[PDB]
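structure35.cif, holding mmCIF, C-alpha atoms (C1' of nucleotides):
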```cif
data_final
#
loop_
_atom_site.group_PDB
_atom_site.id
_atom_site.type_symbol
_atom_site.label_atom_id
_atom_site.label_comp_id
_atom_site.auth_asym_id
_atom_site.auth_seq_id
_atom_site.Cartn_x
_atom_site.Cartn_y
_atom_site.Cartn_z
ATOM 1 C CA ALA A 14 0.000 0.000 0.000
ATOM 2 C CA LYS A 15 1.265 3.461 -0.934
ATOM 3 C CA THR A 16 -0.676 5.841 1.313
ATOM 4 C CA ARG A 17 0.709 6.205 4.815
ATOM 5 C CA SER A 18 -2.804 5.959 6.258
ATOM 6 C CA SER A 19 -3.136 2.495 4.729
ATOM 7 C CA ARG A 20 0.130 1.493 6.380
ATOM 8 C CA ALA A 21 -1.231 2.850 9.671
ATOM 9 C CA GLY A 22 -4.697 1.435 8.976
ATOM 10 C CA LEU A 23 -6.406 4.808 9.352
ATOM 11 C CA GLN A 24 -9.090 6.760 7.547
ATOM 12 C CA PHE A 25 -7.493 10.116 8.345
ATOM 13 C CA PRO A 26 -4.634 11.525 6.238
ATOM 14 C CA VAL A 27 -1.256 10.835 7.798
ATOM 15 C CA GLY A 28 0.432 12.691 4.950
ATOM 16 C CA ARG A 29 -1.693 15.807 5.369
ATOM 17 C CA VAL A 30 -1.205 15.736 9.134
ATOM 18 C CA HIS A 31 2.556 15.459 8.659
ATOM 19 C CA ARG A 32 2.541 18.373 6.227
ATOM 20 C CA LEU A 33 0.540 20.532 8.634
ATOM 21 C CA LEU A 34 2.817 19.648 11.545
ATOM 22 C CA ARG A 35 5.774 20.711 9.413
ATOM 23 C CA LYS A 36 4.137 23.902 8.084
ATOM 24 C CA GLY A 37 2.740 24.891 11.458
ATOM 25 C CA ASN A 38 5.921 26.112 13.139
ATOM 26 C CA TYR A 39 5.502 23.619 15.969
ATOM 27 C CA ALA A 40 9.107 22.403 15.997
ATOM 28 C CA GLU A 41 12.223 22.274 13.862
ATOM 29 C CA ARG A 42 11.730 18.574 13.072
ATOM 30 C CA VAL A 43 8.722 16.250 13.160
ATOM 31 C CA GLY A 44 9.077 12.562 13.907
ATOM 32 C CA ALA A 45 7.819 9.875 11.579
ATOM 33 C CA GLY A 46 5.348 8.502 14.120
ATOM 34 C CA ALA A 47 3.932 11.824 15.275
ATOM 35 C CA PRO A 48 1.671 12.248 12.213
ATOM 36 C CA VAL A 49 0.426 8.674 12.577
ATOM 37 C CA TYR A 50 -0.324 9.117 16.271
ATOM 38 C CA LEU A 51 -2.069 12.447 15.732
ATOM 39 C CA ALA A 52 -4.112 11.106 12.820
ATOM 40 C CA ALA A 53 -5.161 8.123 14.924
ATOM 41 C CA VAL A 54 -6.198 10.369 17.814
ATOM 42 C CA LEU A 55 -8.156 12.676 15.511
ATOM 43 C CA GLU A 56 -9.862 9.695 13.891
ATOM 44 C CA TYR A 57 -10.782 8.282 17.288
ATOM 45 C CA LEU A 58 -12.261 11.562 18.499
ATOM 46 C CA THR A 59 -14.162 12.088 15.249
ATOM 47 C CA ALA A 60 -15.620 8.587 15.474
ATOM 48 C CA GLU A 61 -16.474 9.112 19.140
ATOM 49 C CA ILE A 62 -18.396 12.301 18.375
ATOM 50 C CA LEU A 63 -20.068 10.838 15.294
ATOM 51 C CA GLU A 64 -21.289 7.739 17.130
ATOM 52 C "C1'" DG B 1 -41.575 41.968 59.530
ATOM 53 C "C1'" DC B 2 -41.713 38.852 63.483
ATOM 54 C "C1'" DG B 3 -40.364 34.907 66.325
ATOM 55 C "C1'" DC B 4 -37.812 30.824 67.446
ATOM 56 C "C1'" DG B 5 -33.930 27.876 67.951
ATOM 57 C "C1'" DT B 6 -29.541 26.516 67.430
ATOM 58 C "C1'" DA B 7 -25.219 26.878 65.692
ATOM 59 C "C1'" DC B 8 -21.165 29.508 65.152
ATOM 60 C "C1'" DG B 9 -18.105 32.829 67.612
ATOM 61 C "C1'" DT B 10 -15.238 34.120 71.335
ATOM 62 C "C1'" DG B 11 -12.350 32.674 74.913
ATOM 63 C "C1'" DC B 12 -9.761 29.635 78.082
ATOM 64 C "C1'" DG B 13 -7.388 25.129 78.794
ATOM 65 C "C1'" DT B 14 -5.148 20.994 77.166
ATOM 66 C "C1'" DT B 15 -2.845 18.331 73.610
ATOM 67 C "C1'" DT B 16 -0.628 17.588 69.522
ATOM 68 C "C1'" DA B 17 2.613 17.960 66.149
ATOM 69 C "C1'" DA B 18 4.516 21.673 63.135
ATOM 70 C "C1'" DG B 19 8.792 23.797 63.017
ATOM 71 C "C1'" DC B 20 13.646 24.534 63.408
ATOM 72 C "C1'" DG B 21 18.369 23.105 63.786
ATOM 73 C "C1'" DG B 22 21.622 19.382 62.948
ATOM 74 C "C1'" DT B 23 23.802 15.595 60.784
ATOM 75 C "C1'" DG B 24 24.018 11.328 56.947
ATOM 76 C "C1'" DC B 25 23.166 8.895 52.839
ATOM 77 C "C1'" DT B 26 22.513 8.127 48.205
ATOM 78 C "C1'" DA B 27 19.358 8.796 44.156
ATOM 79 C "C1'" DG B 28 18.936 11.018 40.382
ATOM 80 C "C1'" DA B 29 19.496 15.185 37.766
ATOM 81 C "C1'" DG B 30 22.996 17.299 35.089
ATOM 82 C "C1'" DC B 31 27.048 17.318 32.178
ATOM 83 C "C1'" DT B 32 30.283 15.236 28.807
ATOM 84 C "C1'" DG B 33 31.791 12.371 25.185
ATOM 85 C "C1'" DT B 34 30.693 9.365 21.308
ATOM 86 C "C1'" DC B 35 28.057 7.388 17.759
ATOM 87 C "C1'" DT B 36 24.307 6.053 14.819
ATOM 88 C "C1'" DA B 37 20.079 6.436 12.532
ATOM 89 C "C1'" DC B 38 16.253 9.517 11.667
ATOM 90 C "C1'" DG B 39 14.689 13.345 9.529
ATOM 91 C "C1'" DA B 40 15.194 17.324 6.342
ATOM 92 C "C1'" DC B 41 16.148 18.067 1.799
ATOM 93 C "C1'" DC B 42 15.825 16.981 -3.259
ATOM 94 C "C1'" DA B 43 14.002 14.937 -7.499
ATOM 95 C "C1'" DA B 44 10.463 12.204 -10.015
ATOM 96 C "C1'" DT B 45 5.795 10.930 -10.734
ATOM 97 C "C1'" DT B 46 1.276 9.333 -10.261
ATOM 98 C "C1'" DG B 47 -2.820 8.947 -7.724
ATOM 99 C "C1'" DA B 48 -5.777 10.734 -4.004
ATOM 100 C "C1'" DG B 49 -8.370 14.718 -3.193
ATOM 101 C "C1'" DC B 50 -10.914 18.583 -4.883
ATOM 102 C "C1'" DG B 51 -14.056 21.353 -8.000
ATOM 103 C "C1'" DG B 52 -17.974 20.834 -10.544
ATOM 104 C "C1'" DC B 53 -22.332 18.811 -12.410
ATOM 105 C "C1'" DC B 54 -26.386 15.775 -12.099
ATOM 106 C "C1'" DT B 55 -29.819 12.973 -9.947
ATOM 107 C "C1'" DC B 56 -32.728 12.088 -6.207
ATOM 108 C "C1'" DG B 57 -34.716 11.642 -1.818
ATOM 109 C "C1'" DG B 58 -34.452 13.356 3.182
ATOM 110 C "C1'" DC B 59 -36.665 16.564 5.112
ATOM 111 C "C1'" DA B 60 -39.112 21.234 5.329
ATOM 112 C "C1'" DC B 61 -44.020 22.971 4.475
ATOM 113 C "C1'" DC B 62 -48.609 22.948 4.829
ATOM 114 C "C1'" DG B 63 -53.231 20.809 6.150
ATOM 115 C "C1'" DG B 64 -55.888 17.775 8.792
ATOM 116 C "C1'" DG B 65 -56.262 14.893 12.956
ATOM 117 C "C1'" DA B 66 -55.166 12.784 17.564
ATOM 118 C "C1'" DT B 67 -53.588 13.779 22.051
ATOM 119 C "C1'" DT B 68 -52.506 15.776 26.006
ATOM 120 C "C1'" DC B 69 -53.250 19.002 29.158
ATOM 121 C "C1'" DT B 70 -54.149 22.910 31.884
ATOM 122 C "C1'" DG B 71 -57.650 25.213 34.669
ATOM 123 C "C1'" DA B 72 -62.509 25.526 36.851
ATOM 124 C "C1'" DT B 73 -66.810 23.734 38.578
ATOM 125 C "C1'" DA B 74 -69.147 20.491 39.885
ATOM 126 C "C1'" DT B 75 -70.296 15.954 41.226
ATOM 127 C "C1'" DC B 76 -69.255 12.572 44.139
ATOM 128 C "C1'" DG B 77 -67.006 10.864 48.056
ATOM 129 C "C1'" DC B 78 -65.000 11.544 52.483
ATOM 130 C "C1'" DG B 79 -64.482 14.231 56.690
ATOM 131 C "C1'" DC B 80 -66.060 17.642 60.110
ATOM 132 C "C1'" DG B 81 -69.813 20.192 62.308
ATOM 133 C "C1'" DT B 82 -74.688 20.982 63.614
ATOM 134 C "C1'" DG B 83 -79.311 19.253 64.424
ATOM 135 C "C1'" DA B 84 -82.622 15.511 65.539
ATOM 136 C "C1'" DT B 85 -83.723 11.100 67.679
ATOM 137 C "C1'" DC B 86 -82.784 7.266 70.904
ATOM 138 C "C1'" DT B 87 -80.684 5.408 75.205
#
```
Kindly transcribe the structure held in the file into structure tokens.
Amino acid sequence: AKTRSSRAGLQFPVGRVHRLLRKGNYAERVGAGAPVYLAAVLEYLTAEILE
DNA sequence: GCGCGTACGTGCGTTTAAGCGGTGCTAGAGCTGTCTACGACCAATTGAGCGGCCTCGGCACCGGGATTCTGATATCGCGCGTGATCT
């Protein structure tokens, strides 16, 4: 699978989250797992609200 | 506004443990050196996401109907008071 969400088994965009973390002036560098973790958390909260 | 009653406040006595000074021990926070692997950066490219258009059906509108339901009165039942009868 190409998309990083598919690798992480998520419906939210890991690539977009990584890009925002980088172009958000949050830190000099952004780990590889931070976008995955944040996408998973956002997906969980979205599902929790939508249920 | 009035009246009650009781529950905090003020004060004195007793008790507890906070506080201060002192010494000891070591746990971990900080610093230093070294090294590796993770991420930024770059290039290529292709595919996921977005804009737009179309179809359709979920829901907003309107009309008619069922359903509470809120308030009063009144009827009926129950309770209290007064009158009549019996003991």
Neighbours of chain A in chain B at 9 Å, counting only C-alpha atoms (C1' of nucleotides), as a PyMOL selection string:
chain B and resi 38-40+48
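Neighbouring residues of residue A:27 at 6 Å or closer, counting only C-alpha atoms (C1' of nucleotides) and skipping chain neighbours under 2 positions away, are residues 17, 18, 29, 30, 48, 49 and 52 of chain A.
Note that the spacing between atom CA of residue A:31 and atom CA of residue A:47 amounts to 7.7 Å.
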One decimal, in Å: what's the spacing between atom CA of residue A:62 and atom CA of residue A:23?
16.8 Å
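Considering all atoms listed in the file, the residue among A:40, A:33, A:21, A:14 positioned nearest to residue A:56 is A:21.
With atom CA of residue A:28 on one side and atom CA of residue A:61 on the other, the separation reads 22.4 Å.
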Could you tell me which of A:39, A:64, A:59, A:46 comes closest to residue A:20 if we count all atoms listed in the file?
A:46
List the spatial neighbours of residue B:49 as number ranges by chain - criterion: any atom at most 12 Å away, all atoms listed in the file, same-chain residues fewer than 2 positions off excluded.
A: 26, 29; B: 47, 51
Same residues, C-alpha atoms (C1' of nucleotides), output as a compact mmCIF listing (two decimals), keeping the file's coordinate frame:
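Final output, result.txt:
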```txt
# COMPACT_ATOMS: atom_id res chain seq x y z
CA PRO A 26 -4.63 11.52 6.24
CA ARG A 29 -1.69 15.81 5.37
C1' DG B 47 -2.82 8.95 -7.72
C1' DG B 51 -14.06 21.35 -8.00
```
